[PDB]
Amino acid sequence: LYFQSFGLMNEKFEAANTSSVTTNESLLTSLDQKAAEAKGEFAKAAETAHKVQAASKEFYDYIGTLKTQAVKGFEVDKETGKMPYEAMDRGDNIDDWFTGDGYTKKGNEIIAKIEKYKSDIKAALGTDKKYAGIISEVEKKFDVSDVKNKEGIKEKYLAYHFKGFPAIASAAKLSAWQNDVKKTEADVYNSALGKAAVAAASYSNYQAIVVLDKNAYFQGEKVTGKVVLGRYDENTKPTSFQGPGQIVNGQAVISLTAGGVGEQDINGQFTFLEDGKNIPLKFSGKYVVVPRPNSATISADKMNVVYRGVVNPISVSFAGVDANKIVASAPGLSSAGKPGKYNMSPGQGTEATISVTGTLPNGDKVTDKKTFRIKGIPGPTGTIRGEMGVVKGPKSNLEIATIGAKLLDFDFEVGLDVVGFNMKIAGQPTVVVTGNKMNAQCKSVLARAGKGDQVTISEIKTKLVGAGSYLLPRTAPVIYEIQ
């Protein structure tokens, strides 16, 4: 009596099919957008989803053709659109599917179509575990093997399910097959998106990398940095990369010729188009350009000497330390008026040690020292009229002469003054003289001298003026020969 119950079942199933076309389209679009934007596995998943789209459509559409044939000759209402369910109690419309016990060319054609759907779905989806349940359900729901009846004899699937059935019951069964196709379809679209995203999120797609803040350290300094999981995937395809390199497996191998001097930046970015928004991941890498070593230390080992009573210029440098962060100290040491330039006037003793402390850019203190031998000024050489050794000329020139002293090859500009000496001519005692000139006593003692006679000037007392004033212990004697 109740054909309305079959009418309602068909109404329910068709409403699910109409709702399904929009929801399945929306799921496919999500997968397409994800594939176009992120590529990799999402492009592999979209390829699968579209193969299943075409196999589901072919079958769904073909089912619609069989439904049309089942409801043939029944006028759908003009406004409501619903068929007269009470009038649909015979399956006369689908008689041409079967001949006697078997099928016609049409019946064998339906079976081959159901078969093609299962085969296509099986081929589109792989052998992958993620899809094994989807396939098993398709093969179960669409198992077209002969059905045993109450007697236990086998009946051909289409005859068993549709032969002599009410037209409305047959339309409801076919609408239920359409529900199964739409369900499987959505299952694949949601399973494909998930399989692809799980693969993209796999920790097999990274390399552990140490990024230290600097690569060179001194002992005791805090080494600082991070260890990150850096993407290492072929399927990682940035929309763009700006920087001194090209993308290979989601990374950029970078190179550049080191800039002039100081701290330098390696700036750029990756951009990713994701869910309609552009994702910029900017970077500012850092390196430093240091000057190459350029200062050798070349010293004469016997020359580490400072003279007492003179201003000894000293140069100080400490490679690896800025000239402004170098401090030299010692007794007798002062600044000379240029960076790293000092003056040493040694105190008492045999050695003078100059100590140097440098402050490194990290604030570290570094120390070195050098010992210089303190030497007394060399003995000057006595002179008569500025000549050394044996001075010749008239007796007259000796009487008005100045007794002096010279320091030969001495690299220091000093003042030398004779404060006394001893004069001697044969036959008369030595005259001790105060001053650098011949006494009235000298001139009288010389009255007896003439051509050939030598006058010795010895025990010359030389006063030096440099950094202080000193009475030098020894000056070489000088001789005058009258001619």
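In this text, residue numbers run from 1 along the sequence as written.
- With 100-108 and 219-227 compared on mean CA B-factor from the PDB entry, the stretch scoring higher is 100-108.
- Checked against the record, the higher mean CA B factor of 85-93 and 263-271 lies with 85-93.
- The entry lists C-alpha B-factors for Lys375, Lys286, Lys182, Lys156, and the highest of these is at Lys156.
- The maximum CA B-factor among the listed residues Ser30, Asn436, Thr68, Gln53, taken from the PDB record, is found at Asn436.
- Split the chain's modelled residues into thirds by C-alpha temperature factor. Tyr203 is in the lowest one.
- Residue-level temperature factors show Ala124 in the highest third of its chain, judged at the C-alpha atom.
- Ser469 sits in the highest third of its chain by CA B factor, as recorded in the PDB entry.
- Ranked by C-alpha B-factor against the other modelled residues of its chain, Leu174 falls in the lowest third.
- Sort the modelled residues of the chain by CA B factor and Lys237 lands in the lowest third.
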